[PDB]
Structures are given as C-alpha cells and as structure tokens.
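As structure tokens, the next two blocks hold two forms of the same chain, structure 1 and structure 2.
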Structure 1
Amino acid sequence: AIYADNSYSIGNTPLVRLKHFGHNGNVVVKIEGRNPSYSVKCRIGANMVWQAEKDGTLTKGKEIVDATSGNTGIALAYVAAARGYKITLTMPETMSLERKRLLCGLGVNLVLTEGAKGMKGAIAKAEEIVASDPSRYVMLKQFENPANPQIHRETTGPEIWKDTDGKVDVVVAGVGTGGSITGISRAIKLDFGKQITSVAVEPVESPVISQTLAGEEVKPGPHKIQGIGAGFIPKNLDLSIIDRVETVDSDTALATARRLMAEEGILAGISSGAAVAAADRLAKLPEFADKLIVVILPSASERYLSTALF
C-alpha cells in the first residue's frame, strides 16, 4: 500500500541467516536499521505519538519535549516532522556536530544544556520546559510509556513469528528501555503461545539486571555499547518474561559489529554486535543445537562512523 506519512511505514524488517556465527545456521538476525529513521526506535517514536493522539494528551499545536538525542530523539524528530508537530530536544552542548546537524535537519528545536551537568542537566531542562507550561508541552517518557513495548507486541513480535513460521525458539535482545524484549516476548509467549527462551543482553560494565536478579548490590558503570545499559531497571522491562541474562563487554561488542560488516556484509551498530555476541555464545551450547535463535539488531553502521566502531 501507500503510507499516509512516514510514521506508518515502520517495521516489516527482514530476517537474515548468519554464516560465520552460530552452529549450522541456528542464528538469524532481524535488521531494525531498515526503518523510517534507521533504527528500532522508529517503531516507538511512531506508537508513542499515535497513542498520545488517541488518548488526547497530544493535540494539534501541542509541542513534544524530550531529553534524548540518541535513536529515540531521532525517531521522535522524524515522527514530529511527518505529523506536523513542533519538537524540542534538550542535550548537553558537547554532543557531536553530526548529531546536532541531523536533528536540526529534521526540524528539531535544539536546546543545548551545560556540559558539566551531562544527561542529568538535559533531563532537568526538559522537565523544566514542560513544567513551565504543561498544557503546551508533552513528554512521552520512553522508559515507562507502555506504548513502547506495545508496538513491539503488535509489530516486531508478530513479524518474527510470521517470518520464522513459528519456529523461533530463542529471542536475544539488548535492553535499553526494555520495550523490545518485553513486547516481543509477550507476543510470542502469550499471543502465539510458544514457550521460547527470552534473553536480555546488558554490558558486563553495567550489569544491573544480573545484579538485581541475583540480589546483589546494583553498581552501574560506563560502557560504549550505545543504546543499552541504562544503569537502572526500566519500567518497560518486564522481568517476569525474561529467562536468561547475558553480559557482553564493550570491546567484544565492537569486534562483533566489525565482523558483521566484514564477514556477513551486515551494516550493524555497536549494540547489534553485543546482541550477536550473546547469541553466538548460546548458539554454541549443545542445548541450543537444534534451536532457532532470533537476534534484534537495533541500528545501522553509518550512525557510528565517528565512534570506536570505525
């Protein structure tokens, strides 16, 4: 069909079988880079806006505000542009020129916050703008907004089910907001009734899900796996449906993403390398020898040209 605007075109991303990972082709990857603004977040940027429309919290002339300049910020920016909303994004002044350029290109009103305050300062400024005129501004809250996992239950999950003819046995996904693994797992286990293994992936540098589930002190840390390892348990991570948690280190995530590019011709982002590294570890366990492992690849390589990836 013909999509009425770019937001409706989300999803329907392909599955590709890996040749240099897994055992006898048991690892398949879902390419979320193939989306309106080239990441998995396109789905949630679309659905958070759509749901805010449906529930009346977002109306014509109201303005979106957020403190993300990562994939979610980019996603919200294309959706705002596609649907005629003004959007303000806050971010530390020390964010890259490429990212400022991208966001400005999409028509975002960028508000640069004090470098020394980091993300905390950007978040406080966003909250400040909203509080200044609550009837004018809407903050969509990707870590807690149920529209995030819901779109994965409605689209991402069913796509995996359909494209594997119900043969999927394991889903492996890095956790940022938790929305992907949560929605996918709800779709497959609850809507399609299949008892799969749901595998959350987090950085070994900030293994807060592992520490939490073990009853150990939660000690977040810095890492380079952009998009995952938020340093807390997000509301959109449904721990009830998580079967296993795999930790992967930043160097290995980067090396793996580089291998995806050079050995598979898949232009994967950093966190995609993390998810595949975790999946390859499971794929080479005899217990998973005859099992179909589907891995989410959240983003694409060109978004990382200025990073350690290249």
Structure 2
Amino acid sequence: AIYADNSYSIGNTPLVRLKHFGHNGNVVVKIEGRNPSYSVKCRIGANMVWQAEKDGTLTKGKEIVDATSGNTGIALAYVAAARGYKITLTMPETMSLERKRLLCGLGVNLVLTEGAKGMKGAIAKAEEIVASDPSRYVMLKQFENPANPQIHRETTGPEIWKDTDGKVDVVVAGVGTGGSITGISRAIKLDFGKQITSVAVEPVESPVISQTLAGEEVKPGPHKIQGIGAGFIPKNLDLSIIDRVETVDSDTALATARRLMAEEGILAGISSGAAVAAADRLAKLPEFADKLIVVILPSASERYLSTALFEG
C-alpha cells in the first residue's frame, strides 16, 4: 500500500541468519536499521506521537519535548516534520556527531546537555524546559511513556512471531528505556502464549539491572555502548518479564559490530554488537544449542562513523 506519511511505514524489518556467530544458525538478527529514520526507535517516535494525538495532549501549536541518546530524538524529529509539529530535544553532548547533525537537518531545537550527567542530565533538562512553559510543551517521556513498549507489543513482537513461524525460543535485546524487550516479551509470552527466554543486555561497566536483581548496590558507570546502559532502572523496563540479564563490555561490543560488518555484511551499530555478543554466548551453551535465538539490532553503522566503531 501507500503510506499517508513516513510515520505509518514503521516496522516489518527482516530476520537474517548469522553464519559466523551462534551454533549452526540458531542466532538470527532483526535489522531495525531498516526503518523510516533507520532505527528501532522509529516505531516509538511514531506511536508516542499518535497516542498523544489520540488522548489530546498533543495538538497543533503544542511543541514536542523529550530526552534522548539520539535515535528516539531522530525518530520523533522525522515524525514531527511529517505531521507538522515543532520539537525540542535534549541529548548528552557526548553522543555521536551524526545524531547531532541529523537532528539539526530535521529542524530540531537541539539542547545538548553535560556529558558527565548522561541521560539523567538530559531527562532533567527536558523537565525544566517543559516546566518553564507547560502550556507550550508536551514531554513524551520515552523512559516511562507506555506508548513506547505498546508499539513493540503491537508490531515488533508479532513480526518476530510471524517470521519465525512461532519457533522463536529466546529474545535478546539491549536495554535503554526497556521498551523493546518489554513490549516484545509481552507479545510473545502473553499474546501468543509461548514461554520464551527474555534476555536483557547491559554494559558490564554499568550493570545496574544485574546488581538490582542480585540485591547488590547499584553502581552505574561510563561505557561506549551508545543507546543502552542509562545507569538506572527505567520505568519502561518490565523487570518481571526478564528471565536473564547478560553483561557485555564496550571493547567486545565494538569488535562484534565490526565483525558483523566485515564477516556477515550487516551494517550494525554499536549496541547491535553488544546484543549479538550476548546472544553468541547463550547460543554456544548446550542448553540453547537447538533453540532459536532472535536478536534485536537497534541501529545502523553510518550513525557511528565519528565513534570508536570506525577506529582504524
């Protein structure tokens, strides 16, 4: 069919079997780089806007606000352009140059926040922006807005179910807001009724989900896996549906993304490398050796040319 604007064209991303990871093809990746603005967040950029329209919090003349590590911002930006809204976004200054320049090209009022404060800083700035003029702005707050996991429950999850003919046994996803792993897991476990293993991935440098579940002190840290590991437990992470948490270090994340490019011909972003490295570890345990593992690859390589991903 013909989509009325770019926001309606979200999803229907392909599954590709990996040849140099996993064990005899038990690792398959979902290429979320193939989306309107080339990341998984295109889905929530669209649905958060649609939902706010539906419940009347977003109207003509209202200006969108949120905090992002980049991809959600780019997602909200193309949707704002497509559907006719002004938009302000906060983002840590340390995020990739590509994110900054693309946001500006999409017509965003971009507010860069202090690198040291990370997402908490960007979230804080967005809140004080909106508080300065509540009638002008609407913050869509991706870290707690239920419209985030809901679109993954409605689209991403069902796509996985259909394309695997219900054979998916494991889903592996890095956690930023938690929306992807949450919505996908609810779809497959609750809507299709299959008791899969849901695997959250986080940086070993900032393993706050692992620490939380272990009853240890939460100690966030710096890392290079752009897009995940926000340093706190986000509201859109449904801890209750997470069966397993896997930690991955930055170096191995980067090396794995380079391997995906050079060995599989898959133009993956950094967090895609982290997710596949975690999946590869599970895939080579005899307990998962004959299970079908589906891995979310959130973004594409060219959004990271200015990062350590293209070191060398």
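Basically, rigid core = biggest C-alpha set you can superpose within 1.5 Å across the two forms. Residues are numbered by position in structure 1's sequence, first residue being 1. Only residues modelled in both forms are compared.
- Core-based superposition between the two structures leaves all of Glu205, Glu154, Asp238, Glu93 but one with CA shifts under 2 Å; the exception is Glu93.
- Superposition on the rigid core between the two structures places the CA atom of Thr113 2 Å or more away from its counterpart.
- Fitting the two forms on the rigid core leaves the C-alpha of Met139 displaced by under 2 angstroms between the two structures.
- Once both forms are fitted on their core, a CA shift of 2 Å or more is seen for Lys125 between the two structures.
- With the core fitted, the CA of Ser69 sits 5.5 Å away from its counterpart between the two structures.
- Core-aligned Cα shift between the two structures at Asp249: this is 0.0 Å.
- Here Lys60 exhibits a Cα shift of 1.2 Å between the two structures, evaluated on the superposed rigid core.
- Taking the core as reference, several blocks of three or more adjacent residues between the two structures have all their Cα positions offset by 2 Å or more: 66-69, 89-101, 109-129.
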